[PDB]
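Novice: everything below, folded, please.
(4 chains)
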Amino acid sequence: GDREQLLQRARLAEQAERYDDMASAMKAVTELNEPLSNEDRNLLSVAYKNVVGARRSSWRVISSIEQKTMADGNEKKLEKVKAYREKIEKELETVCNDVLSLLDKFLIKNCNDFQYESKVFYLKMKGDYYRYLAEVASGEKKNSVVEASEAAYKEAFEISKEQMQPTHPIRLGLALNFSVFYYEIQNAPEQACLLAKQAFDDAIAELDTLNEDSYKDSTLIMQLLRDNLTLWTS
Amino acid sequence: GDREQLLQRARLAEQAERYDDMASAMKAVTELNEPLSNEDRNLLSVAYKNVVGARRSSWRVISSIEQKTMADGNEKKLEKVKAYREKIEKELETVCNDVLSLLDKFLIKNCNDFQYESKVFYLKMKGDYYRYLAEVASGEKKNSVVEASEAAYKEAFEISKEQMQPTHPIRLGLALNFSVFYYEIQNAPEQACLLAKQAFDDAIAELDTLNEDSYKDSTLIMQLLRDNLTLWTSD
Amino acid sequence: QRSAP
Amino acid sequence: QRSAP
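Specialist: Residues are numbered from 1 along each chain as shown, chains lettered A, B, ... in the order given. And now the structure:
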C-alpha cells in the first residue's frame, strides 16, 4: 500500500500545482530505500525543480532590490531587505540540502555499476543542486559547493559519453547544465561554449539513430543549447 | 516602526510572489487595531486574493478529478483523491475564516457611519470570502454561508448606490462580484444579468464624470461586466 | 466566468 | 539563458 499511496498523492499535487506536497511525497517514497523507476524519478525531479525554482526566482528579485538599495545609499531600508533576502536564502539552502541528502543516503548509494542511466541522472541532479547553492553562496562556503558541483557533473559526463547516445535527452540535458555551470558559476565562457558546441555537433551527427519516441525531447534541448550559444558568444 | 516594518515586509513579499508572507504581514498590520488607508487596504486584499486563489484553483482541479473518478467507478482511487480534496478544503476554509475574523474583529467594527468608502470595501470583502466558502460547502453549512454572503453584498450595495458614482471602481467591482454570486452560487441567472446590466448601463450614462486618474480601472471592470453578460446570456 | 481582480 | 527543463 504505502508506496502507491504516496505516488498517487504526488501525482495529485502535481496536477494541483502544490509542489511542496509533491516534494514531501517523493521524499517519503525515496526514504523507503527501494529504487525508483524513470517515472518516479521524474516526479522527484519535477517536484524539487519547482520548489527550488520558486525560491531562486524570489531570491533573485529581492537580491536585485538589495543591490539597487545599497547603490542608493539607503541604510535603514537595506537592513530590512537584506534580512528578507537572507530568510529566503535559508529556505533555498534547506531545499537543496534535503535533495542532496537523498542523493547521498539513498539514490546514488543504491545504483549498481551497470545502472549507467540512473547514475548519470542522479549525479546530474547532485551537480544541479550544488550549483543552486553556488548561485547564493559566498567566501569559502562558495568554493566547496562550486567544487562539489563540478565533481558531480564531471563524473556524470564521463559516464554519459561512454554509455549514452549523443541524442539521449539526459545526456544533452547534462551537457546544457554543465555548460551553464561553466558560464555562470565559473565565469569561464570559452569552456562553456566548446562543451555546448561539442554536444550539439555530436547530436547533429547521429540524428538517424533517434527513434520518433524522443524527437520532441532531444530537439527541444538542442534548440536550448543553440540559444545559450548565440546569447553567450555575442 | 512595528507598523512600517510590516508594510515594508508586505511590499517585498508582493514583489517576491510570496503571498503567504504578504498575508501574515497584513494580518499583523490589521491586528494593530488602527485603520487602514486605501493603499494598506489594497495590500491586504491583494495578499489574501492570491493565497485563497491558489487554494481555489487547486480545489477545482482535484474536485474535477474526483468527479471523473466517481463516474469511472474507481473506489480505491476515489478514497485517495477525496482525502486530498478534503485537505485542500480545510486550508481554503482556514484562509476564509482568518479573513472574515479580521473583518469582524477589526476592519468593519472600526468604521464610522460616514466611512462609506471603507464600509463598502470591507463588506464586499466579507461577501467575497463567504462566497468562497460557499463554493465548497454542502448541506446546512452551505445555507449559512450563502446567506451571510448575500447579506454582506446587499448591505454594501445599498450604501454604494447611495454614496458612490456608478463609475467608481469599488462600486463596479462590487456589482461584478454580487452578479457572480447570483449566477454561480444562487444558480439565478435572470437576477445576475439585470444587476450586471444595470451597473454597466449606469456607468455608461455618467462617463463624463470620470477623471482620467480612473479611466483604466473602471473601463477594465466594465469590460468584465460585458464578458460575463455575453457569456451568461448565451445559455 | 471572471470576478473582480 | 535557459537550463534543462
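Novice: show me the contacts for whatever residue of chain A ends up closest to chain D.
Specialist: When distances are taken as Cβ to the nearest Cβ, chain A reaches nearest to chain D at residue A:173, 3.8 Å away. Placement of C-beta: from N, CA and C, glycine included. For residue A:173, the contact set (Cβ atoms under 8 Å, 6 or more residues apart in numbering or on different chains) comprises A:124, A:221, D:4.
Novice: tabulate those (a markdown table), appending secondary structure.
Specialist: Output for the contacts of residue A:173, formatted as a markdown table (DSSP: H, G, I helix; E, B strand; the rest coil):
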| residue | secondary structure |
| --- | --- |
| A:124 | helix |
| A:221 | helix |
| D:4 | coil |
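Novice: out of the residues you listed, the closest to chain C would be?
Specialist: For these, the nearest to chain C is residue D:4 (34.8 Å; Cβ to the nearest Cβ).
Novice: buried residues, stretch A:164-184. List them.
Specialist: Neighbour-count burial for stretch A:164-184, counted by 16 or more other Cβ atoms under 10 Å in any protein chain shown, picks out A:164, A:166-184.
Novice: from chain C, how far out is the residue of chain A closest to chain D?
Specialist: Remark: distance between residue A:173 and chain C (Cβ to the nearest Cβ, to the nearest Å) = 38 Å.
Novice: so who does the residue positioned nearest the centre of chain A touch?
Specialist: The residue lying closest to the centre of chain A (Cα atoms, centre = their mean) is residue A:128, at 3.3 Å. Each residue near residue A:128 by Cβ under 8 Å, 6+ apart is listed here: A:177, D:3.
Novice: centre of the chain versus the top helix by length along chain A, how much separation?
Specialist: If you go by DSSP state H, chain A has its longest helix at helix A:38-71. The chain centre lies 11 Å from the centre of helix A:38-71; the measure is Cα atoms, centre = their mean, to the nearest Å.
Novice: repeat for stretch A:119-137
Specialist: 5 Å.
Novice: need the residues of chain A near chain D, please.
Specialist: A:128, A:172-174, A:176-177, A:180, A:184, A:220-221, A:224, A:227-228, A:231 (Cβ under 8 Å from any Cβ of the partner chain).
Novice: if we go to 6 Å?
Specialist: A:173, A:176, A:177, A:180, A:224 (Cβ under 6 Å from any Cβ of the partner chain).
Novice: re the thing from before, how about the residue nearest to the centre of chain A, secondary structure?
Specialist: helix.
Novice: ok, it to chain B distance?
Specialist: Distance from residue A:128 to chain B, by Cβ to the nearest Cβ: 22 Å.
Novice: try residue A:190
Specialist: 35 Å.
Novice: and that residue, what element?
Specialist: helix A:189-205 (DSSP states H and E).
Novice: against which helices or strands is that helix packed?
Specialist: helix A:169-180, helix A:215-233 (3 or more Cβ pairs under 6 Å, 6 or more residues apart in numbering or on different chains; DSSP states H and E).
Novice: give me the angle between that helix and helix A:169-180.
Specialist: 160 degrees (axes from the mean of the first three to the mean of the last three Cα atoms, to 10 degrees).
Novice: any buried residues in helix A:189-205, and which?
Specialist: Within helix A:189-205, the residues scored as buried using 16+ other Cβ under 10 Å are A:192, A:193, A:195, A:196, A:197, A:199, A:200, A:202, A:203.
Novice: and which of these is nearest chain B?
Specialist: Proximity of those to chain B was ranked by Cβ to the nearest Cβ; the top entry is residue A:192 with 29.3 Å.
Novice: surely the closest one meets residue A:179?
Specialist: Yes: look at residue A:192 against residue A:179 with Cβ atoms under 6 Å: they come within range, at 4.6 Å.
Novice: using PDB, write out the CA atom coordinates for stretch A:83-101.
Specialist: Provided in PDB are the C-alpha atoms of stretch A:83-101 (Å, rounded to 0.1, in the frame of the first residue of the first chain):
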ATOM      1  CA  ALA A  83      17.100  40.300   6.300                       C
ATOM      2  CA  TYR A  84      14.400  39.100   4.000                       C
ATOM      3  CA  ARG A  85      16.800  38.100   1.200                       C
ATOM      4  CA  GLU A  86      18.600  36.000   3.800                       C
ATOM      5  CA  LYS A  87      15.400  34.400   5.000                       C
ATOM      6  CA  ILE A  88      14.700  33.300   1.500                       C
ATOM      7  CA  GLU A  89      18.200  32.000   1.300                       C
ATOM      8  CA  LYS A  90      17.800  29.800   4.400                       C
ATOM      9  CA  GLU A  91      14.700  28.200   2.700                       C
ATOM     10  CA  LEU A  92      16.500  27.700  -0.600                       C
ATOM     11  CA  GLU A  93      19.500  26.100   1.100                       C
ATOM     12  CA  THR A  94      17.300  23.800   3.100                       C
ATOM     13  CA  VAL A  95      15.600  22.600  -0.100                       C
ATOM     14  CA  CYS A  96      19.000  21.900  -1.700                       C
ATOM     15  CA  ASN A  97      20.500  20.000   1.300                       C
ATOM     16  CA  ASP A  98      17.300  17.900   1.500                       C
ATOM     17  CA  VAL A  99      17.700  16.900  -2.000                       C
ATOM     18  CA  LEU A 100      21.400  16.300  -1.900                       C
ATOM     19  CA  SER A 101      21.000  14.200   1.300                       C
END
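Novice: can that stretch be said to contact chain B?
Specialist: Yes: counting by Cβ under 6 Å from any Cβ, chain B has neighbours in stretch A:83-101: residue A:84.
Novice: tell me the buried residues in that stretch?
Specialist: A:84, A:85, A:88, A:89, A:91, A:92, A:93, A:95, A:96, A:98, A:99, A:100.
Novice: name the nearest residue to the first one, ignoring sequence neighbours.
Specialist: Beyond its immediate neighbours in the sequence, the residue positioned closest to residue A:84 (Cβ to Cβ, 6 or more residues apart in numbering or on different chains) is residue B:12, lying 5.2 Å away.
Novice: sorry, back to before: what sits up against the helix holding residue A:190?
Specialist: Helix A:189-205 has contacts (Cβ atoms under 6 Å, 6 or more residues apart in numbering or on different chains) with A:166, A:167, A:175, A:179, A:182, A:183, A:222, A:225, A:228, A:229, A:232.
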